[PDB]
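Participant:
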Amino acid sequence: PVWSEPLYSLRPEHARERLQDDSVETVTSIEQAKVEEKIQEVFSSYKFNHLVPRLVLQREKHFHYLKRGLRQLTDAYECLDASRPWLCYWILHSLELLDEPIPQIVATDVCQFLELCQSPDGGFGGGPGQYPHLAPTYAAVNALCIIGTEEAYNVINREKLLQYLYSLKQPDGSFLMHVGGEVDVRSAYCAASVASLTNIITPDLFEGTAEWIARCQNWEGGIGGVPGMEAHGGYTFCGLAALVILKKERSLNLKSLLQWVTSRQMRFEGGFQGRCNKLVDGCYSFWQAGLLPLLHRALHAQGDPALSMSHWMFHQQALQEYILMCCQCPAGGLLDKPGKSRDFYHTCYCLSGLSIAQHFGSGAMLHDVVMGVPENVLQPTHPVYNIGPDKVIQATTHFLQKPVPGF
Amino acid sequence: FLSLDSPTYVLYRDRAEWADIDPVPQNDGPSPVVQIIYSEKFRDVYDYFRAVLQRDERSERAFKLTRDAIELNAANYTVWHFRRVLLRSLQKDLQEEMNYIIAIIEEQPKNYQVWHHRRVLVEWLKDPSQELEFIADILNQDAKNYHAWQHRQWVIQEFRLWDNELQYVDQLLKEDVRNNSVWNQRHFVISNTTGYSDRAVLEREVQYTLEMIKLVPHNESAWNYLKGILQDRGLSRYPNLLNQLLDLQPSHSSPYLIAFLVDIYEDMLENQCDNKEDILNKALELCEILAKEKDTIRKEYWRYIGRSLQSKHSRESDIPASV
Amino acid sequence: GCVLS
Ligand SMILES: CC(C)=CCC/C(C)=C/CC/C(C)=C/CONC(=O)CP(=O)(O)O
Ligand SMILES: [Zn+2]
């Protein structure tokens, strides 16, 4: 119909999705209403300006933002001076999603830099001369794999990497994030991710790990940082993804998990929140929505017959609408929500989440959903590692030619 | 001695007491990537931090230098590790360090390193006497600070300080009955003290929750809690619940009440109840109402549920193909 | 904004 609005967020009924505070105001409802009011302005900005809505992913702008940041950053990134491999990864993956080539001049300079970040004892630090830590180790390995050259692969000292992982392993199955550091589910995922890609997983490396992770699932259905803590999309992604790598997804109550994550998508905004009763945020477009492709593969592995063969169990269209209309900075780069400033972290995950929502794939079945102009389509991303599905295969294949350290 | 923001602050390369030390520039290589254009103050402090670290100089001056390095980037875990090495080698007073961490967390409460540092201090001193109060102050500024709640659970658990936490929980739920962190803390306290098997306790909790649900029918936290404490034993195990929820259908409806009803029907059809068909249709009716009207954002989930229920509870579900 | 490590 002519009166029919193709955009879910602009349809008249959408107005019914606004928050109902039952005339009972608390800090939570107040903050939630503030955001919805701002998001509503964005949605109805076309109507008020008397223009036809058009959703365009500002590729050119994001490329420039990323291209430059990969080489140089302002002092605004001083707070990430101990997360430089993360910067390499967030940027390289964003370029990958946008399907932009990585010049060998860059690739080789990245390799050399990460080489300098690598510790003599194994693992990568947040910068040259910094002690090794599982977060930058995870980022570094992912970055080198995105590059996927023999040179990038050879940067990783597999013997020491394994030694390092062992030095962090705890009796209860968990891992420290670094020597004398904290413990939470992120480490299990970081360890599983780099160990599986570089083929260094030994018979006992992850003993008790699946059980420990399973203890982090709480009454909410989601997973918390450590046993007993509130469920959160960041830790839930880490927990499930790690269990998938270890092939122990079944250790969890997948049903309560599925119900929890699907409930994390905001009815009005369209994006996801990190935990119940908090605010929507673009990076969860990946941490939360990225869980659905994982649950689909887990349930289908269990022969679940009711599994759709075209879509993920979340409103794909609404998520894309949220990201495209509310999370792009006009000067390039993406963000948390309107009013927040861009950064490479949100640029990486908003894009990763957009990709997930655009591409459905359960084996031979393949169905895409690209909101707005067709140029908006990005390259696919692997739901476990969050790097190109091809980079994963290529990387694992390459390292499977090597022998698991110590044989 | 000299604060990082002090008007008379001086770069380390201009300090007499540091003349013997040659700073160590960051080794970024010939052609750097993600190179940060640090400010003078930043590069100066870190060039000197790199020097003391490299020499493993365990001195009072190195100790003070870590404070500035941390202030410039509290996320630099390498600096925190060296600082803890200095705390022990120099035999620094740990209560003084506690006063220090208290202040740093107050200004940068969403950082991982500061909370881990505080935990290490408490562990060393074996003294949790200041924790609940300190955390309470942080939670007073951000009632949902994840690290704060995690530290609180750790402290309570490790030193068995369960006695007043439920009271603290009630207080915060009163301030904001929508605070999911507090509903989580409630489940934390109870399951570790009495447990939810004690019928008197479970009874109390459900009444409390339903009572909060009446006051704020659209608050998703109360619903998730109600479901969380009854789902393990099985929702169908409690016949009065289903009815009592339908009694709110008119004056307290929400996509949450509709959703719960489906969960009850679901478990009922699981534990083969009476009228295994009147319940099923009642469920598919709701699943469709949600996927098409009351909760369309989750249409792909509700259609899957409606499908799963039909795939195993229809009258044809247990009937042979040839029949 | 958000923090990972
Ligand atoms: C592979 C890794 C390192 C994954 C971690 C992903 C995330 C997002 C972890 C978040 C940790 C966390 C919950 C920190 C607490 O501060 N976060 C917030 O308050 C954000 P929100 O309000 O959205 O929960
Ligand atoms: Zn975010």
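Quick mapping for you: the protein sequence lines, in order, are chains A, B and C. If you want this note's numbering, it's the 1-based position in the first sequence plus 3. If you want this note's numbering, it's the 1-based position in the second sequence plus 33. If you want this note's numbering, it's the 1-based position in the third sequence plus 51. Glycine included, C-beta positions come from ideal geometry on N, C-alpha and C.
#1: Does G285 (chain A) pass the burial test, meaning 16 or more other C-beta atoms within 10 Å, or should it be called exposed?
#2: Going by other Cβ atoms of all chains shown within 10 Å of its Cβ, with 16 needed for buried, is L294 (chain A) buried or exposed?
#3: Given 8 Å as the limit, is there contact between the region 124-137 of chain A and the region 99-115 of chain B, that is, 3 or more CB pairs closer than that?
#4: Counting only Cβ pairs nearer than 8 Å, list the residues of chain A close to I70 (chain B).
#5: Does the beta carbon of residue 2 (chain B) sit closer than 9 Å to a beta carbon anywhere in chain C?
#6: Which residues of the region 274-297 of chain A have a Cβ closer than 7 Å to any Cβ of chain B? Give them in chain order.
#7: Reducing DSSP to helix, strand and coil, say where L58 (chain A) ends up.
#8: Between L73 (chain A) and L100 (chain A), is the Cβ-Cβ spacing less than 9 Å?
#9: Within 8 Å, do at least three Cβ pairs link the region 299-313 of chain A to the region 55-63 of chain A?
#10: Could you check if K207 (chain B) is buried or exposed, using at least 16 other CB atoms within 10 Å of its CB as the buried criterion?
#11: For the beta strand (DSSP E) holding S365 (chain A), just list the boundary residues, first then last.
#12: Distance, Cα to Cα, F66 (chain A) vs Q319 (chain A)?
#13: Could you check what DSSP says for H370 (chain A) in three-state terms: helix, strand or coil?
#14: Would DSSP call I226 (chain A) helix, strand or coil?
#15: Are the region 309-327 of chain B and the region 344-355 of chain B in contact at 8 Å, needing three or more beta carbon pairs?
#16: For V182 (chain A), decide whether its Cβ has a neighbour in chain B, counting only Cβ atoms nearer than 9 Å.
#17: Using a beta-carbon distance below 9 Å, is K327 (chain B) in contact with chain C?
#18: Tell me, to the nearest whole angstrom, how far the beta carbon of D371 (chain A) is from that of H385 (chain A); I am working on the premise that it is less than 8 Å.
#19: Using only alpha-carbon positions, find the residue among B:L35, B:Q59, B:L268 that is nearest to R48 (chain B).
#20: Would you kindly work out how many angstroms separate the C-alpha atoms of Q305 (chain B) and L282 (chain A), rounded to a whole number?
#21: Do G273 (chain A) and ligand 1 come close, with the Cβ less than 8 Å from some heavy atom?
#22: Among A:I326, A:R278, A:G224, which one has its Cα closest to the Cα of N178 (chain B)?
#23: For a contact meaning CB atoms closer than 9 Å, what does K332 (chain B) contact in chain A?
#24: Closer than 7 Å by beta-carbon distance: list the chain A residues that pair up with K309 (chain B), in chain order.
#25: Measure the alpha-carbon distance for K64 (chain A) versus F271 (chain A) and round it to whole angstroms.
#26: Nearest to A321 (chain A) by CA position, among A:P123, A:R267, A:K172, is which residue?
#27: Using a threshold of 8 Å, is the CB atom of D284 (chain A) nearer than that to any non-hydrogen atom of ligand 1?
#28: What is the DSSP secondary structure of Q173 (chain A), counted as helix, strand or coil?
#29: Could you work out which residues of chain C lie near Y145 (chain B), taking near to mean beta carbons separated by less than 8 Å?
#30: Identify, in the order they occur along the chain, each residue of the same chain with its Cβ nearer than 8 Å to the Cβ of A169 (chain B), setting aside the five sequence neighbours on each side.
#31: At a cut of 8 Å, does the region 62-73 of chain B reach the region 113-122 of chain A through at least three beta carbon pairs?
#32: Please list the partners that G267 (chain B) has in chain A, where partner means a Cβ-to-Cβ separation under 7 Å.
#33: When you measure from the CB of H180 (chain B) to every non-hydrogen atom of ligand 1, does any distance come out below 8 Å?
#34: Using only the heavy atoms of ligand 1, determine whether one of them is closer than 8 Å to the beta carbon of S199 (chain A).
#35: Counting only C-beta atoms, is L194 (chain B) closer than 9 Å to chain A at any point?
#36: Below 8 Å on the Cβ atoms is my contact criterion, and I expect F75 (chain B) with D78 (chain A) to pass it. Report the Cβ-Cβ distance as a whole number of Å.
Facilitator: Short version:
#1: buried
#2: buried
#3: yes
#4: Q75, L76, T77, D78
#5: Nothing can be reported for residue 2 (chain B), as the shown portion of chain B is limited to 34 through 356.
#6: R278, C279, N280, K281
#7: coil
#8: no
#9: no
#10: exposed
#11: 362-365
#12: 24 Å
#13: strand
#14: strand
#15: yes
#16: yes
#17: no
#18: About 16 Å separates the two Cβ atoms, so there is no contact after all.
#19: B:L35
#20: 40 Å
#21: no
#22: A:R278
#23: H318
#24: Those do not exist, as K309 (chain B) stays about 18 Å from chain A at its closest Cβ, beyond 7 Å.
#25: 28 Å
#26: A:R267
#27: yes
#28: coil
#29: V54, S56
#30: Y201
#31: yes
#32: Correct list: empty, because the minimum Cβ distance to chain A is about 13 Å.
#33: yes
#34: no
#35: no
#36: 7 Å
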